Amino acid sequence: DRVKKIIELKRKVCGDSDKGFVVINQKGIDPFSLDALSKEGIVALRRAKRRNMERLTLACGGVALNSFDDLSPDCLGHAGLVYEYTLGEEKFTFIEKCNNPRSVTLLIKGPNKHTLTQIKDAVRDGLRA
Amino acid sequence: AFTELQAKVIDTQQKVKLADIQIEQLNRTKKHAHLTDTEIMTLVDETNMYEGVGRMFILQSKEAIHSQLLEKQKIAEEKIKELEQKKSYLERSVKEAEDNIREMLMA
Amino acid sequence: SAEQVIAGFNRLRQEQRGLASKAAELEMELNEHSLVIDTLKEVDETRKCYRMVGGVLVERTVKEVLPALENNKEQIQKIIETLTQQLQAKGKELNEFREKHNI
Amino acid sequence: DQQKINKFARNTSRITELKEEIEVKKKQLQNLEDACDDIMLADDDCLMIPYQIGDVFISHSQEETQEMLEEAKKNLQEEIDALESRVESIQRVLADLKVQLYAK
Amino acid sequence: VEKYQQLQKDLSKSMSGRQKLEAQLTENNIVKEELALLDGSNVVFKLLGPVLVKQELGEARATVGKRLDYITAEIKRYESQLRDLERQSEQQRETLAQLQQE
Amino acid sequence: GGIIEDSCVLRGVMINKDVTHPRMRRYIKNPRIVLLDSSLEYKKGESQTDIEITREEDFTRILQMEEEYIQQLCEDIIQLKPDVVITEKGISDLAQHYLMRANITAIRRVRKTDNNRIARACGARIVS
Amino acid sequence: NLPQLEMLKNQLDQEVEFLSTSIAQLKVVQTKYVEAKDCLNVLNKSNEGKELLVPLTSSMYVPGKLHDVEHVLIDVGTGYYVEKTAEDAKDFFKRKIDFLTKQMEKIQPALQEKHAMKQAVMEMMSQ
Amino acid sequence: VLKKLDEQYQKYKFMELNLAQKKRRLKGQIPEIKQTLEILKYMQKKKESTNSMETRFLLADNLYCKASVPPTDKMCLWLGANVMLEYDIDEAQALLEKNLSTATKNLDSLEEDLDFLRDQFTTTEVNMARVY
Amino acid sequence: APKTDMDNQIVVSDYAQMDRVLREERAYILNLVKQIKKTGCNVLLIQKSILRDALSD
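Residue numbers (the deposited numbering), protein chains in the order written: chain F, 269 to 397; chain 1, 12 to 118; chain 2, 22 to 124; chain 4, 19 to 122; chain 6, 13 to 114; chain C, 206 to 333; chain 5, 11 to 137; chain 3, 49 to 180; chain D, 255 to 311.
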């Protein structure tokens, strides 16, 4: 049921494959669905963090459902550019130039130590100053 | 104090739950007494017809049994009025009093 | 948030127990329709058949008892499939309304 | 793995089920027997003696009224002798399953 | 400890047959209300098993009067049975609990 | 809500403790306040206290005398022409909604120290 | 406080259901008392002579003819034969109907007492 | 080791309850068919027991009306599910005797086989546990 | 009667089994009482019913 609802939504929003459509799922997606959605012109990100779930609604947009019903682009948000970046054992998809660039993400790199924690509150107090 | 007036309308809620289930029986007993009257008004072949309350089934002619079975649906028709008026009355008693309870405790 | 997902799955499971009482209640009756229609055809039907349930005996024949036997058996097996589809459709409906509310 | 203790577990449970069947048939035996003596003592053949067969009734002599209960006591007691003939047969294997653990 | 439940089961088994008597106790009082109205208007029989034996009204009054008295005889022994089994087991709940500890 | 400075003292004794809602009216210029510690418990029988309504047979006979006790009280209250009646002791659910039929919105669930202030808000004696 | 109340509210739930089942049993007892009066209402009115199908045993019916409608058996006592007329039989049925109602009436506020106490434990754990 | 013994204790006890659901339904069939034979075989008919007898009809559970019996010679047995057929003695007798003999053997042949179906369930769950 | 748990050792759930055995308990105490007065007695010394198992009133 949920596989067939993705197909009607892509033709509802885009109408073509020249205009993209991005699904950020907070849960994992079937890989046979990730094969079938890839041919339709859809990228479908999975296992998304629940902290990212509210902030993407604020700047980009997009509300939560348990269906993929036919929705206009007014009900969804927009991003200007989506790029999947890779560093480490996980892929880290960059999503920039929002519908409203209201939140700016400060992406630090680090050895994933307390040094990464020590540079976290340092730039935090850097922003508060 | 204010604890006692809370428990009165809560005890009134369970009386509505008793009032809600009585109308489900009396609507069923009207239609079922109507349903058995239809099956005996269906046949024209035989005036033989058995009625009973226990496991006894007395031999009578069917025509006098119809008019009694006309009265069987009718008493169950009479009771759904007095219960639904009662069920609405107990509903109006608790819900309008429930408007008094929560808004003045939260005040 | 993940609490709207894990609690909505508890809501669909409780309707599976609400599905549970109604379909099996009819399902016990169709096997009684199974055992009755076989004994009637084996026994003599030239003498007149009646319909005896609790509280009423209407004096009948075999030709009026026989079709309702095959009718009431077929009506039960349709509803136990029908009661399954409706309550499982209800579990799908409450999940999407919980996700569109607290977002 | 032992198959003789598989027979030993089945043997003791068959001891239990037999003795319980004797006790319930003894209480039914005295129930019919004491039902005979009470109804004879009160009011023998005066005009008629009604006897219950379901919800219809038969009127006859006082001793024939016992006679239906006398037959069921005869059928029940022959079972009690046959039950104890199976209680005895379940004890002989119990003395022999101890050696069969050492034999095989 | 098996001695805890054993005194309770011997008490509770006696209570179940005693509660059987109390509905019989009330209906023994119901029939005495009905035997008082009869003085020859309707005779009575006795339902005893598969045989329904003729009675008289004075025979009926003594019959339910005896069975009223046999119930009360089994009531009073249970009051002895209640207090004895609850006090013996109460002594056992202290001593037999210490047996499993050490 | 609001701010301190554009407020001022008002007459009577102002109430904030339970009544925070327009259950009385929206506004009142002329009609009076009614304080009821009087007996508003309805009559179950003819003038008797039988069982209350829990039966259809108890529904038809008793309810005619249930409103009959209330409408006698309501006619006594309309003599002074209120639009607001608050009732504290003896208040029934039917009694405060025949007043809704008697065009007076009726109030309960208030503590006694409120209705000492409300009696001092108008300077009147609470009727028994 | 709270661990005692969580054990306390679960005990009262059984005590409601144990009493409410006893209410459900006694309604079945007064059900046949209503049922026996309504069988008796047809008996005097119809006449003697009419044919009845009564249970010879379970699920087996014997025919018969009807006689002496004004003399009936009432089963009271410990299972004892009491012959009455049909007129006094209706009075004793309705007396047993109010009796079984009286047996449930003594349980009924105590049935509601176990329910209201359990709800108060739910409130005291909430408060 | 007692650790392997302890897992087989709980898996044996839980499978006892699934057997008792099936035996009691087999138990509930037996007295109902038992009442059919013994009441019929003692009265045997109005016809076979030699005309007019006595009766006190079952109108209810406490209300029995005394009358004279004499019916015509038939028995309208009850099949169930909107079915009554009129029967005679010979049709009603040999049917219920067959239902009498099976209902004991339905209780007897299953209660051994249920005791080993429990033993299948307890044995199956422990061998997969010790391997993986 | 003898007593192990009950003074009247019945498994009682029935009216006939409590009637048949308890009328017989009245039977033998009918005959022992008659032997008291025929031998000539006017004052009788009875100890406690805990000094026995039961005394039938």
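We put the CB at the ideal spot given by N, CA and C, even for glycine.
| query | result |
| --- | --- |
| Closer than 8 Å to chain F by CB, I27 (chain 2) | no |
| Of the residues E106 (chain 6), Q113 (chain 6), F57 (chain 6), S101 (chain 6), the one placed nearest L23 (chain 6), counting alpha carbons only | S101 (chain 6) |
| Residue range of the alpha helix (DSSP H) that includes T103 (chain 2) | 83 to 122 |
| Identity of the residues DSSP links to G74 (chain 5) by a beta bridge | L62 (chain 5) |
| Inter-residue spacing [alpha-carbon to alpha-carbon] between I21 (chain 1) and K28 (chain 1) | 11 Å |
| Pair within 8 Å by beta-carbon distance, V82 (chain 5) and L111 (chain 3) | yes |
| Under 7 Å from the C-beta of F105 (chain 3): neighbouring residues of chain 1 | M67 |
| Bounding residues of the beta strand (DSSP E) (the contiguous stretch that carries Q71 (chain 1)) | 69 to 72 |
| CB contact flag (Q84 (chain 1), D56 (chain 1), <8 Å) | no |
| Any C-beta of chain C under 8 Å from that of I86 (chain 1) | no |
| Below-8 Å beta-carbon distance, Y269 (chain D) vs any chain 5 residue | yes |
| Spatial neighbours of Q80 (chain 4) in its chain, beta-carbon cut-off 7 Å, leaving aside the 5 residues before and after | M58, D62, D63, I67 |
| Contained beta strand (DSSP E) runs [length at least 3] in the stretch 263 to 293 of chain C, N- to C-terminal order | 289 to 292 |
| Segments assigned alpha helix (DSSP H), at least 4 residues, entirely inside the stretch 20 to 87 of chain 4 | 22 to 59 |
| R370 (chain F) (DSSP reduced to helix, strand or coil) | coil |
| Cβ pair count under 8 Å reaching 3, the stretch 275 to 290 of chain F against the stretch 300 to 316 of chain F | yes |
| Of the residues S310 (chain D), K292 (chain D), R277 (chain D), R274 (chain D), the one placed nearest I300 (chain D), counting alpha carbons only | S310 (chain D) |
| Residues near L74 (chain 3) in its chain [Cβ-Cβ closer than 7 Å; skip 5 each side] | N154, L155, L158 |
| Exposure of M17 (chain 5), with buried meaning 16 or more beta-carbon neighbours within 10 Å | exposed |
| Residue from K122 (chain 4), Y120 (chain 4), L112 (chain 4) whose Cα sits closest to the Cα of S31 (chain 4) | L112 (chain 4) |
| The stretch 82 to 100 of chain 3 contacting the stretch 114 to 125 of chain 3, beta-carbon criterion three pairs below 8 Å | yes |
| Near-chain 4 residues of the stretch 90 to 115 of chain 5 (beta-carbon distance less than 7 Å), N- to C-terminal order | none |
| Reference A347 (chain F); option with closest CA among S335 (chain F), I363 (chain F), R315 (chain F), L313 (chain F) | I363 (chain F) |
| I34 (chain 1) - containing beta strand (DSSP E), residue span | Unbroken run through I34 (chain 1) is the alpha helix (DSSP H), 13 to 53; no beta strand (DSSP E). |
| Distance, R30 (chain 6) Cα to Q93 (chain 6) Cα | 12 Å |
| Any C-beta of chain 1 under 8 Å from that of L47 (chain 2) | no |
| Those residues which DSSP pairs with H81 (chain 5) across a bridge | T95 (chain 5) |
| First through last residue of the beta strand (DSSP E) which encompasses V65 (chain 6) | 63 to 66 |
| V83 (chain 2) versus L61 (chain 2), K99 (chain 2), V77 (chain 2), residue with shortest Cα-Cα distance | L61 (chain 2) |
| Residue-level contact to chain 6 via CB, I57 (chain 4), 8 Å cutoff | yes |
| Per-residue DSSP class, three states only, for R72 (chain 3) | helix |
| Where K100 (chain 5) falls: helix, strand or coil (DSSP) | helix |
| Residues, ordered as in the chain, of the stretch 63 to 89 of chain 4 that lie near chain 3 by beta-carbon distance below 7 Å | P68, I71, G72, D73, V74, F75, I76, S77, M86 |
| Selected residue, minimal CA-CA separation from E35 (chain 1), among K90 (chain 1), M52 (chain 1), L46 (chain 1) | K90 (chain 1) |
| Supposed close pair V76 (chain 6), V43 (chain 6) - CB separation, criterion 8 Å | 5 Å |
| Cβ-based neighbour list, residue 485 (chain F), same chain, cut-off 7 Å, excluding 5 preceding and 5 following | Nothing about residue 485 (chain F) can be read from this structure; chain F reaches only from 269 to 397. |
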